[PDB]
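Structure record follows, encoded as structure tokens.
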Amino acid sequence: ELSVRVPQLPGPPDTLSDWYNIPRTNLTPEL
Amino acid sequence: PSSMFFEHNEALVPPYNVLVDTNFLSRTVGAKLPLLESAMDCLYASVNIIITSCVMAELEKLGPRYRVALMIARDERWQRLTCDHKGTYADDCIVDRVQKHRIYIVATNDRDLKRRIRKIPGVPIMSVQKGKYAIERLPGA
Amino acid sequence: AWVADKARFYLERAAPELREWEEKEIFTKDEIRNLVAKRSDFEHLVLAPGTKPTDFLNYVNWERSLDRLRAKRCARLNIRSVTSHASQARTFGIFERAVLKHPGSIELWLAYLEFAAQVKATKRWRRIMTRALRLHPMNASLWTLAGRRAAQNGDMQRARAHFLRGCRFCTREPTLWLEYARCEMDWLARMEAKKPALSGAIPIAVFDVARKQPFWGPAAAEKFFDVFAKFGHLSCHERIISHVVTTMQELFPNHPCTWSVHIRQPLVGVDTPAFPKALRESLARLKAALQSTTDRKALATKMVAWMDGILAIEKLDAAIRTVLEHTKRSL
Amino acid sequence: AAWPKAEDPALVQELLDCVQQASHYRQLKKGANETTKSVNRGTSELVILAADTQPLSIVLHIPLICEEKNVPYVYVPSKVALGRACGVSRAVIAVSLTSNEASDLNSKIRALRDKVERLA
Amino acid sequence: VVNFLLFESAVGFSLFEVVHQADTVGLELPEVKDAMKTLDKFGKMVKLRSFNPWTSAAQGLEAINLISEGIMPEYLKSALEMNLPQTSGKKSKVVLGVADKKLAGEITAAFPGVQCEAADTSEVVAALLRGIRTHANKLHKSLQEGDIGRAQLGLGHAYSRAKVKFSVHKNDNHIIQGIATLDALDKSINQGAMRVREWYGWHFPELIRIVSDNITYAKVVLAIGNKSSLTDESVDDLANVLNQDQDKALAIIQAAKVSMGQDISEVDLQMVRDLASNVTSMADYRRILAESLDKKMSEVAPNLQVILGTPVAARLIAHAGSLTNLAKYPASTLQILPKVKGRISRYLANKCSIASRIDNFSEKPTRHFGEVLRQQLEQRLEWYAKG
Amino acid sequence: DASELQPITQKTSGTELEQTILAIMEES
Amino acid sequence: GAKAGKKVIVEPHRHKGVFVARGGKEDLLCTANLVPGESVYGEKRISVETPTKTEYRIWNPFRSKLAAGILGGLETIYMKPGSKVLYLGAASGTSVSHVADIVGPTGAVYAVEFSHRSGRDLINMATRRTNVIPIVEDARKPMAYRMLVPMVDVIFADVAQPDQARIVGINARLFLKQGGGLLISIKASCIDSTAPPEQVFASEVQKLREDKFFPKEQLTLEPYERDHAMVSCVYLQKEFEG
Amino acid sequence: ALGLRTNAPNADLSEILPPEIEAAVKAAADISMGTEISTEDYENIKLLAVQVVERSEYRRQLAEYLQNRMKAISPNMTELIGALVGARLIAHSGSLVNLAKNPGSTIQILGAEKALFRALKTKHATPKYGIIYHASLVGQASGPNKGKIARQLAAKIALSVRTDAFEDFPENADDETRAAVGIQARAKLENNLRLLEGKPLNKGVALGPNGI
RNA sequence: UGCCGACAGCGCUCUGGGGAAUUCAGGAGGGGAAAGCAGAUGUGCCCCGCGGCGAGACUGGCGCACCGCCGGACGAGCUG
Ligand SMILES: [Zn+2]
């Protein structure tokens with residue numbers, strides 16, 4: 001009911017909230 | 001702007017909307033000219049005249065010795081379009097409103113204002129010429 | 001955030017009672033500092049942005065308990081000069097800003113009402129009850145508590161007024177209707193104990209409007225019959241019992257509740273040679289209801305529950321007890 | 001259901017008059033499918049639908065796209081009279097007259113659409 | 001002066017007593033409008049006095065419909081009675097702020113002691129209520145069960161549904177997802193059929209050599225048990241499965257006699273009979289769907305059902321997407337959905353399109369129009385045979 | 001004074017239940 | 001033409017939400033579809049398999065004046081993702097579907113249809129997309145859904161009614177936050193058939209400032225429609241939001 | 001179980017799922033904005049659901065058969081990895097012996113054929129594993145450990161497969177004595193996995209408060 | 001859009017230019033937050049004063065669509 005937490009504590013952003021997360025472009029040489 | 005064919009305005013149709021300048025109004029009622037009669041005279045066209053709140057204010061900024069012209073301005077039967085700025089500065093009010101809409105005919109009498117409006121295309125220029133009115137840049141006349 | 005300053009107001013108004021208590025030998029200086037400290041921390045907790053009715057109740061319990069301790073200790077010191085007025089008033093102001101911040105807590109409201117009622121402020125109590133009813137017009141419990149307080153005081157007209165506004169509102173549950181019938185018949189009993197109400201047609205009338213109420217159920221009429229069957233030592237109790245019986249017989253004829261009331265009907269004010277005769281009469285009713293074409297599981301559950309109450313009461317004969325036991329086992 | 005019905009007093013006759021004018025000026029599409037395609041292409045200046053038509057769902061489904069495009073549509077009570085006013089030799093239930101940039105029929109459309117705009 | 005104000009919202013309606021009313025000359029001042037904006041300033045004007053939530057969705061439906069019509073409801077009257085101090089407006093009045101002028105009129109009717117100001121006219125109470133709506137959810141939060149949002153969705157959907165009577169003539173989603181189910185599970189029956197066919201003919205290939213009708217193949221491999229336990233017309237099965245006495249059962253017996261397929265294991269036959277039970281239950285389900293959806297197709301669109309046939313015509317319904325899409329699509333778009341074949345396709349396109357708009361914009365449709373259109377198509381087939 | 005709720009008069013009787021019981025109280 | 005199945009890419013457009021799909025010989029306008037993989041009106045939609053569920057929908061500018069205005073390049077349409085968006089003129093909900101796809105599963109659209117059958121289409125699209133609630137009544141009487149519309153931030157309006165200025169005035173007075181943003185569509189032929197359309201536009205503007213707005217942008221959505229003007233203004237203030 | 005949202009307050013749900021959800025859904029079926037549909041429709045809906053749950057149970061007992069029959073054929077391999085992934089292997093193999101002629105590295109990357117041959121035919125980094133990734137034992141490794149387990153599990157799987165594929169048994173042979181080698185592999189290998197999981201980290205000089 | 005790239009011409013910028021941690025000093029914007037001290041007086045009683053509801057009882061004049069107005073001043077009871 002009340003359990004121990006998990007610790008997970010350990011740059012420009014990745015997907016865009018203001019556009020429904022278009023991801024950052026991976027750059028294939030074809031692209 | 002829409003309906004602007006190479007420094008010619010195709011949208012300017014009677015009832016012509018004209019704008020009134022302070023110095024225009026002053027020298028016309030100096031010249032004892034019925035403004036609307038003389039306007040329908042030079043135009044041979046049905047007119048609605050418009051005075052800006054800046055123009056009205058500037059007239060009132062001129063002193064009590066201009067009271068007749070003030071009353072002439074404040075004759076009710078004409079539209080009153082407001083302004084929303086700080087300036088109360090007639091010339092800028094005119095040039096900005098004319099830029100935005102491009103549907104009017106400006107009536108002034110300063111040559112510097114005339115240069116200013118002559119800079120932009122497609123606007124006609126009214127000035128009384130001490131015998132009558134005098135239109136400059138309207139083709140349908 | 002202005003929370004320090006608002007606290008400065010309330011604590012500074014708290015000051016001179018504490019000045020007086022310093023000037024009396026009722027508390028020493030370190031205790032005084034403890035008191036001021038605790039008060040300041042609580043007041044800051046109240047005027048915090050994110051606050052909660054539990055925190056409010058905590059604080060007011062603290063102050064009220066202080067009042068009681070102060071009373072006990074000044075009694076031990078045999079000092080009569082100190083009053084409780086300022087403590088009660090600041091206590092009130094706590095309740096007032098509590099209801100301004102969270103108006104929507106029945107819990108905090110009832111704590112407020114109980115506080116007022118234990119200290120003796122009935123005009124104020126009616127006002128508070130007014131505002132609470134205005135904020136929560138669906139709450140049968142508040143409707144009841146208001147009206148029951150009015151009936152216990154005796155102001156029957158205002159009791160009826162609260163109850164009629166409440167039955168005008170809370171039309172989902174029968175609960176207020178049963179409560180109003182309860183207190184109304186209690187008022188009739190008050191009149192009989194003091195010895196129109198000669199007729200006492202009002203529970204018949206509320207039954208009539210119950211017939212068109214939205215919750216209008218057979219089980220609803222059954223619980224109605226139950227609370228009517230309470231305190232049958234009346235005059236027109238047989239009249240109203242006959243009425244509720246014939247109405248639900250006319251409306252829900254073969255309902256197992258209708259058979260249940262057909263059984264338990266002649267047992268209005270009975271405890272006693274009239275006891276086993278009516279027992280045998282209702283037992284004939286019971287055997288008829290059991291053999292009749294009704295939902296026998298539902299009717300038998302009703303009957304074993306009523307028998308559970310019957311065996312819960314004492315002072316009976318063993319042969320009767322065992323034949324009830326057998327008729328229950330046969331279900 | 002055909003609550004934008006036209007009334008008697010020469011309104012209907014003005015409709016048929018401008019209809020014949022449009023049939024002559026070739027600014028008129030005719031029949032339900034061509035009316036449909038004209039309003040789909042949005043070119044229609046105004047659309048007129050019969051009311052005496054065998055079951056009316058055709059001239060009921062057209063006002064759906066008329067309500068989409070927001071073009072003035074109007075109910076006329078005689079499809080055979082539409083056929084005659086167009087010059088068909090066949091009775092027509094759906095007609096759609098479109099707009100051009102240079103005509104006085106256009107002014108007639110402006111007046112007629114203002115009248116039906118006051119109507120509905 | 002304003003003393004109270006109404007606020008009738010999707011969770012309920014609530015009245016505010018006003019303290020420190022608005023700067024009414026200064027309604028046009030900017031610091032006044034930002035002070036209308038900030039909660040820390042507008043709450044120093046409004047305080048909450050009484051609240052009333054709706055009891056049920058139909059009750060709120062009654063509320064919105066009476067309000068939209070203008071008429072007040074009885075429980076609104078209950079609330080107003082319950083809060084406003086009693087009088088008739090002889091020596092004193094109480095002033096209320098309300099949105100609808102009609103509602104104001106009826107409240108002034110029901111109580112003489114109040115003066116109700118419509119926000120349509122009294123601009124300060126208009127701005128006051130507007131401030132109310134702008135600090136909406138932050139005012140009810142202490143007793144707002146949930147938030148305004150989901151309840152609002154519910155109220156709007158309920159309103160426009162009752163207003164336009166939607167469900168009584170909407171069934172196309174039922175139809176289309178029926179068609180989708182048919183197609184998918186038909187494909188499923190086919191793949192399960194070929195799988196069980198291969199996987200049991202692995203044990204007994206004479207069966208797939210002798211019988212077609214993979215469904216009947218499934219039935220007979222259900223009934224078969226093993227290749228070892230054979231008899232022709234054992235009980236109740238082969239008689240209505242196929243020809244029983246002299247055509248199939250003895251042939252199956254001799255096929256199992258001369259059979260040389262592998263001897264099957266018990267768990268394996270249990271597996272394959274589980275599969276066969278599955279697929280035959282699914283086939284029975286398919287015929288259930290066939291009967292049912294044909295009946296629903298008669299229930300909704302009989303005309304197209306009789307001029308093209310229920311399954312394929314239903315396919316056209318779904319491939320359009322809706323009946324409304326179907327009717328709005330012109331006949332050439334229906335065509336997209338020699339020369340004699342082209343001409344007859346165009347003709348039936350005309351006829352299915354008009355029959356589409358018929359069967360759709362009919363409230364409760366008929367049958368005879370589709371009947372006579374089918375007769376027109378039949379006599380057109382005769383006319384094209386003429387030649 | 002909206003502080004209290006007032007005992008209901010026939011003028012202030014909204015629902016049929018109130019009208020019935022008020023009739024009973026009037027004949028009382 | 002832009003035939004189906006071509007490989008195009010999608011990039012963000014400067015208004016939030018809207019994206020632009022460019023590819024081959026075609027560049028066009030698109031928006032993230034909430035209800036994935038289901039058309040609205042037989043509109044074209046764009047799939048993409050990301051390292052599945054995500055699909056976009058194209059708009060036709062010829063269909064929606066909203067689209068046409070964006071292609072003309074308005075400054076800002078005020079309807080960021082999250083913004084409560086009043087619509088006026090729910091013409092069967094096509095553009096309303098598009099704007100719902102803009103405002104996303106956290107936003108809200110409240111729509112007004114007056115005709116009933118258009119409303120059937122509308123409530124159908126509402127039944128699909130949860131973030132739009134319909135309202136079918138008369139837009140001239142915002143008393144008819146004052147219980148139903150809370151305070152919204154952007155009013156789109158595209159009704160073809162001659163009283164359009166006073167309509168939007170009252171609906172704004174009842175439904176707009178201080179710092180209101182609105183767009184409105186102008187069919188000059190519907191307002192005043194005789195007059196030159198630019199002056200028609202001006203008169204509309206002056207009626208709106210009379211009803212206390214401040215216009216800040218305005219353009220003829222010309223190469224997508226004749227004689228219509230999109231007007232962008234603010235209620236009651238100058239800068240947009242607050 | 002539940003019929004319509006009309007039936008919702010009278011639907012018993014606790015038997016398939018626990019509460020604290022199946023009263024939230026009761027609130028949901030009350031509050032819901034779903035349109036009304038016929039019982040004639042609900043018959044089709046429910047019967048579809050009977051179909052799909054019959055399908056589900058069928059798949060469940062199928063998987064039961066798969067595990068049992070796999071223990072019957074190759075007990076060593078399902079003592080290593082589990083019947084499902086061993087089945088996938090045998091599937092891509094075609095046959096048991098078709099598997100057992102593979103070498104250990106083939107089993108390590110059994111499956112990832114496009115990825116493998118892309119990386120080889122253009123000289124990119126090779127894929128590390130195929131179906132062994134979803135196999136059970138490797139999920140308890142970590143990263144670089146996952147690679148090391150991938151290799152080790154590869155070779156021991158090839159061992160077990162050749163074992164069950166060729167080693168005869170005197171047929172009075174219990175399954176445990178039959179699968180002892182896979183059992184050995186299980187034990188040794190799980191020990192090695194717990195070791196590399198408990199490999200220490202790199203001692204760093206312990207800084208105090210000062211740089212000292 | 002790959003490096004490097006002489007001269008000449010231009011720009012920026014100079015306790016040279018990058019980069020990482022970390023410390024302090026401000027700025028700009030997004031949400032979340034009943035964020036709500038306009039005049040902060042214990043309770044209960046009665047009496048007085050004032051004021052409201054308020055059953056009921058009158059009364060004046062007006063009333064050429066004639067249909068009813070509007071006003072004075074008593075009032076049980078309740079209440080601030
Ligand atoms: Zn100006």
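In the structure tokens, chains take letters A, B, ... by order of appearance, with residues numbered from 1 within each chain and ligands from 1 in the order shown.
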Identify all residues of range 46-86 of chain D in alpha helix (DSSP H) (DSSP on the backbone) and supply them as a ChimeraX atom specification. /D:58-69,79-86
Determine, counting only C-alpha atoms (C1' of nucleotides), which protein, DNA and RNA residues have an atom within 7 Å of an atom of range 20-26 of chain H; residues of the same chain fewer than 4 positions away are not included. Present the result as a VMD selection string. chain H and resid 8 to 9 13 30
Go through the chains and note each residue within 12 Å of ligand 1, using only C-alpha atoms (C1' of nucleotides) and all ligand atoms, then give the set as a list in words. residues 19, 21, 51, 52, 53, 54, 55, 56, 57, 58, 80, 81, 82, 83, 84, 85, 86, 87, 88, 89, 90, 91, 92, 93, 94, 95, 96, 97 and 98 of chain B
Just the selected residues (C-alpha atoms), exported as a short mmCIF file (atom, residue, chain, number, x, y, z; two decimals), in the first residue's frame, please.
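Result went into again14.cif, see below:
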```cif
data_model
loop_
_atom_site.label_atom_id
_atom_site.label_comp_id
_atom_site.auth_asym_id
_atom_site.auth_seq_id
_atom_site.Cartn_x
_atom_site.Cartn_y
_atom_site.Cartn_z
CA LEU B 19 -11.61 61.63 -45.28
CA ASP B 21 -8.34 66.90 -42.94
CA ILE B 51 -13.70 62.64 -39.81
CA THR B 52 -11.25 60.99 -37.51
CA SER B 53 -11.33 61.45 -33.79
CA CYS B 54 -7.82 62.77 -34.15
CA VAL B 55 -9.07 65.43 -36.57
CA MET B 56 -11.90 66.39 -34.23
CA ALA B 57 -9.47 66.60 -31.34
CA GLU B 58 -7.02 68.71 -33.30
CA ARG B 80 -17.49 59.30 -37.00
CA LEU B 81 -14.79 56.64 -37.10
CA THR B 82 -12.63 56.38 -34.02
CA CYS B 83 -8.93 55.80 -33.52
CA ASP B 84 -7.09 53.61 -31.02
CA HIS B 85 -3.65 54.98 -30.31
CA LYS B 86 -1.82 57.58 -28.28
CA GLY B 87 -0.98 60.08 -30.97
CA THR B 88 -3.99 62.27 -31.78
CA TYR B 89 -1.74 63.21 -34.67
CA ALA B 90 -3.78 63.79 -37.77
CA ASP B 91 -1.34 63.02 -40.53
CA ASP B 92 -0.12 59.74 -39.15
CA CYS B 93 -3.67 58.68 -38.36
CA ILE B 94 -4.56 59.35 -41.95
CA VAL B 95 -1.59 57.65 -43.59
CA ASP B 96 -1.93 54.54 -41.46
CA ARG B 97 -5.68 54.15 -41.92
CA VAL B 98 -5.33 54.76 -45.66
#
```
Set the cut-off to 9 Å and count only C-alpha atoms: what are the residues of chain H that reach chain E? Output as a PyMOL selection string. chain H and resi 31-33+35-37+40-41+44+47-48+51+54-55+58+61-62+65+69
Proximity of chain G to chain I: per-residue shortest pair, 12 Å limit, only C-alpha atoms (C1' of nucleotides), as CSV:
```
residue,atom,partner,partner_atom,distance
G:82,CA,I:31,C1',11.4
G:241,CA,I:30,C1',12.0
G:242,CA,I:29,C1',11.5
```
Generate a file of the selected residues that holds N, CA and C atoms, formatted as a PDB file, in the first residue's frame.
```pdb
ATOM      1  N   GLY G  82      -4.025  22.854 -26.297  1.00  0.00           N
ATOM      2  CA  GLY G  82      -4.461  23.107 -24.958  1.00  0.00           C
ATOM      3  C   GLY G  82      -5.494  24.177 -24.864  1.00  0.00           C
ATOM      4  N   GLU G 241      -2.312  36.886 -25.256  1.00  0.00           N
ATOM      5  CA  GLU G 241      -2.829  35.939 -24.275  1.00  0.00           C
ATOM      6  C   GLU G 241      -3.161  36.605 -22.951  1.00  0.00           C
ATOM      7  N   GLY G 242      -2.153  37.048 -22.227  1.00  0.00           N
ATOM      8  CA  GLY G 242      -2.396  37.578 -20.906  1.00  0.00           C
ATOM      9  C   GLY G 242      -1.123  37.742 -20.104  1.00  0.00           C
TER      10      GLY G 242
END
```
What are the closest atom pairs, with distances in Å to one decimal, for each residue of chain C lying within 8 Å of chain I, using only C-alpha atoms (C1' of nucleotides), rows by chain and rising residue number, as a Markdown table?
```
| residue | atom | partner | partner_atom | distance |
| --- | --- | --- | --- | --- |
| C:6 | CA | I:37 | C1' | 6.4 |
| C:49 | CA | I:33 | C1' | 7.0 |
| C:50 | CA | I:33 | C1' | 7.6 |
| C:85 | CA | I:42 | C1' | 4.5 |
| C:86 | CA | I:42 | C1' | 5.9 |
| C:88 | CA | I:42 | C1' | 6.4 |
| C:89 | CA | I:42 | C1' | 5.0 |
| C:101 | CA | I:34 | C1' | 6.9 |
| C:120 | CA | I:43 | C1' | 7.1 |
| C:121 | CA | I:43 | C1' | 6.0 |
```
Could you list, as a ChimeraX atom specification, every residue within 12 Å of range 10-21 of chain A, counting only C-alpha atoms (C1' of nucleotides) and ignoring same-chain residues fewer than 6 positions away? /G:10-20,30-34,50,54-56,79-82,101-106 /I:30
So that each row is one residue of chain B with an atom at most 8 Å from chain G, can you give its shortest atom pair and the distance in Å to one decimal, using only C-alpha atoms, rows by chain and rising number, as CSV?
```
residue,atom,partner,partner_atom,distance
B:2,CA,G:198,CA,6.9
B:3,CA,G:198,CA,7.5
B:11,CA,G:196,CA,5.5
B:12,CA,G:196,CA,7.7
B:13,CA,G:196,CA,7.7
B:81,CA,G:206,CA,7.8
B:101,CA,G:202,CA,6.7
B:103,CA,G:199,CA,6.2
```
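Computed from the coordinates, the CA of residue 220 in chain E to CA of residue 66 in chain H distance equals 25.1 Å.
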Could you go through range 27-213 of chain G and tell me which residues DSSP, when run on the backbone, assigns to strand (DSSP E), listing them as an MDAnalysis selection string? chainID G and resid 27:32 45:47 55:58 84:86 108:110 132:133 152:157 176:187 213
Report the distance between CA of residue 6 in chain B and CA of residue 66 in chain G in Å, rounded to one decimal place.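 Distance reported for this atom pair: 29.2 Å.
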Selection: 8 Å around residue 47 in chain C, only C-alpha atoms (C1' of nucleotides), excl. self and same-chain fewer than 3 positions, as a PDB file with N, CA and C atoms, in the first residue's frame:
```pdb
ATOM      1  N   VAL C   3       1.146  35.246   4.748  1.00  0.00           N
ATOM      2  CA  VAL C   3       0.634  34.376   5.773  1.00  0.00           C
ATOM      3  C   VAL C   3       1.158  34.804   7.111  1.00  0.00           C
ATOM      4  N   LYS C   6      -1.102  37.751   8.313  1.00  0.00           N
ATOM      5  CA  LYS C   6      -2.417  37.369   8.783  1.00  0.00           C
ATOM      6  C   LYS C   6      -2.315  36.695  10.139  1.00  0.00           C
ATOM      7  N   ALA C   7      -1.295  35.870  10.298  1.00  0.00           N
ATOM      8  CA  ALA C   7      -1.032  35.301  11.601  1.00  0.00           C
ATOM      9  C   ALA C   7      -0.748  36.348  12.647  1.00  0.00           C
ATOM     10  N   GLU C  43      -1.574  28.491  13.544  1.00  0.00           N
ATOM     11  CA  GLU C  43      -2.251  29.510  12.762  1.00  0.00           C
ATOM     12  C   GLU C  43      -1.622  29.640  11.397  1.00  0.00           C
ATOM     13  N   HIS C  44      -0.294  29.567  11.350  1.00  0.00           N
ATOM     14  CA  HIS C  44       0.381  29.494  10.070  1.00  0.00           C
ATOM     15  C   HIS C  44      -0.083  28.297   9.266  1.00  0.00           C
ATOM     16  N   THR C  51      -4.602  23.828   2.402  1.00  0.00           N
ATOM     17  CA  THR C  51      -5.021  23.412   3.723  1.00  0.00           C
ATOM     18  C   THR C  51      -6.197  22.456   3.611  1.00  0.00           C
TER      19      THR C  51
END
```
Which residues of chain I have any atom within 12 Å of an atom in chain F when counting only C-alpha atoms (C1' of nucleotides), and what is the closest pair of atoms for each, with the distance in Å to one decimal? Order the rows by chain and rising number and write it as JSON lines.
```
{"residue": "I:51", "atom": "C1'", "partner": "F:1", "partner_atom": "CA", "distance": 11.1}
{"residue": "I:52", "atom": "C1'", "partner": "F:1", "partner_atom": "CA", "distance": 8.2}
{"residue": "I:53", "atom": "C1'", "partner": "F:1", "partner_atom": "CA", "distance": 9.0}
{"residue": "I:54", "atom": "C1'", "partner": "F:9", "partner_atom": "CA", "distance": 10.5}
{"residue": "I:55", "atom": "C1'", "partner": "F:9", "partner_atom": "CA", "distance": 10.0}
{"residue": "I:78", "atom": "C1'", "partner": "F:6", "partner_atom": "CA", "distance": 8.9}
{"residue": "I:79", "atom": "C1'", "partner": "F:1", "partner_atom": "CA", "distance": 7.6}
{"residue": "I:80", "atom": "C1'", "partner": "F:1", "partner_atom": "CA", "distance": 6.0}
```
Would you put the residues from that selection into a file with C-alpha atoms (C1' of nucleotides), as a PDB file, in the first residue's frame?
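Written file, result.pdb:
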```
ATOM      1  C1'   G I  51     -36.855  48.560  10.945  1.00  0.00           C
ATOM      2  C1'   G I  52     -38.658  44.685   8.189  1.00  0.00           C
ATOM      3  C1'   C I  53     -41.878  40.680   6.884  1.00  0.00           C
ATOM      4  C1'   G I  54     -46.662  39.813   7.571  1.00  0.00           C
ATOM      5  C1'   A I  55     -52.778  37.271   8.328  1.00  0.00           C
ATOM      6  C1'   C I  78     -43.169  36.697  13.366  1.00  0.00           C
ATOM      7  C1'   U I  79     -38.312  38.744  12.933  1.00  0.00           C
ATOM      8  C1'   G I  80     -33.609  42.047  12.437  1.00  0.00           C
TER       9        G I  80
END
```
Considering only C-alpha atoms, extract the chain E residues located within 9 Å of chain C and return them as a ChimeraX atom specification. /E:47-53,55,75,78-79,82-83,140-144
Could you write out that same residue set with N, CA and C atoms as a compact mmCIF listing (two decimals), in the first residue's frame?
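Result written to selection03.txt:
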```
# COMPACT_ATOMS: atom_id res chain seq x y z
N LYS E 47 -18.58 35.97 -3.23
CA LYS E 47 -18.53 34.91 -2.24
C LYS E 47 -19.68 33.97 -2.53
N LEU E 48 -19.50 32.71 -2.16
CA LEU E 48 -20.43 31.66 -2.53
C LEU E 48 -21.49 31.51 -1.46
N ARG E 49 -22.74 31.36 -1.88
CA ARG E 49 -23.84 31.32 -0.93
C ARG E 49 -24.63 30.04 -0.99
N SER E 50 -25.07 29.63 -2.17
CA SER E 50 -25.67 28.31 -2.19
C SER E 50 -25.44 27.67 -3.53
N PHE E 51 -25.52 26.35 -3.52
CA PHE E 51 -25.07 25.53 -4.63
C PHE E 51 -26.10 24.44 -4.80
N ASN E 52 -26.30 23.99 -6.03
CA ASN E 52 -27.19 22.86 -6.26
C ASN E 52 -26.68 22.06 -7.43
N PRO E 53 -26.31 20.81 -7.22
CA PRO E 53 -25.88 19.94 -8.32
C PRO E 53 -27.07 19.21 -8.91
N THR E 55 -29.12 15.97 -9.97
CA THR E 55 -29.22 14.63 -9.44
C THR E 55 -28.94 13.58 -10.51
N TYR E 75 -37.47 22.78 -9.51
CA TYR E 75 -36.48 22.73 -8.45
C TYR E 75 -35.62 23.97 -8.42
N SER E 78 -37.61 25.86 -6.19
CA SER E 78 -37.34 25.37 -4.84
C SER E 78 -36.11 26.03 -4.27
N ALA E 79 -35.04 26.08 -5.05
CA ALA E 79 -33.80 26.66 -4.59
C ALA E 79 -33.95 28.14 -4.30
N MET E 82 -35.74 28.68 -1.35
CA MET E 82 -34.98 28.22 -0.22
C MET E 82 -33.94 29.24 0.18
N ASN E 83 -33.42 29.99 -0.76
CA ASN E 83 -32.40 30.93 -0.33
C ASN E 83 -32.91 32.34 -0.14
N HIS E 140 -15.79 26.28 -7.45
CA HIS E 140 -16.57 25.17 -6.96
C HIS E 140 -15.73 24.08 -6.36
N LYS E 141 -14.40 24.20 -6.45
CA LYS E 141 -13.49 23.09 -6.19
C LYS E 141 -13.67 22.47 -4.82
N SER E 142 -14.05 23.26 -3.82
CA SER E 142 -14.22 22.72 -2.49
C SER E 142 -15.42 21.79 -2.38
N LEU E 143 -16.33 21.84 -3.33
CA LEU E 143 -17.40 20.87 -3.36
C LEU E 143 -17.78 20.49 -4.78
N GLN E 144 -16.83 20.49 -5.70
CA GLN E 144 -17.12 20.04 -7.05
C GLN E 144 -16.64 18.61 -7.21
```
CA of residue 23 in chain G and CA of residue 48 in chain G are how many Å apart?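 CA of residue 23 in chain G sits 13.9 Å away from CA of residue 48 in chain G.
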Contact residues around range 113-126 of chain B with only C-alpha atoms (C1' of nucleotides) at 8 Å, ignoring same-chain residues under 6 positions, as number ranges by chain: B: 4, 7-9, 91, 95, 99, 102-107, 133-138
What's around residue 63 in chain C at 12 Å? Count only C-alpha atoms (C1' of nucleotides), leave out sequence neighbours fewer than 2 positions away in its own chain, and write the answer as JSON, numbers by chain. {"C": [14, 35, 36, 38, 39, 42, 43, 56, 57, 58, 59, 60, 61, 65, 66, 67, 68, 69, 70, 84, 86, 87, 88, 89, 90, 91, 92, 93, 94, 95]}
Go through G:76, G:39, G:97, G:52 one by one, measure the shortest atom-to-atom distance of each to chain E using only C-alpha atoms, and give the residue with the smallest value.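 Closest residue, counting only C-alpha atoms: G:39.
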Name all residues at most 10 Å from residue 157 in chain C (count only C-alpha atoms (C1' of nucleotides); drop same-chain ones fewer than 2 positions away) and give them as a VMD selection string. (chain C and resid 147 150 to 151 154 to 155 159 to 163) or (chain F and resid 6 to 8 25)
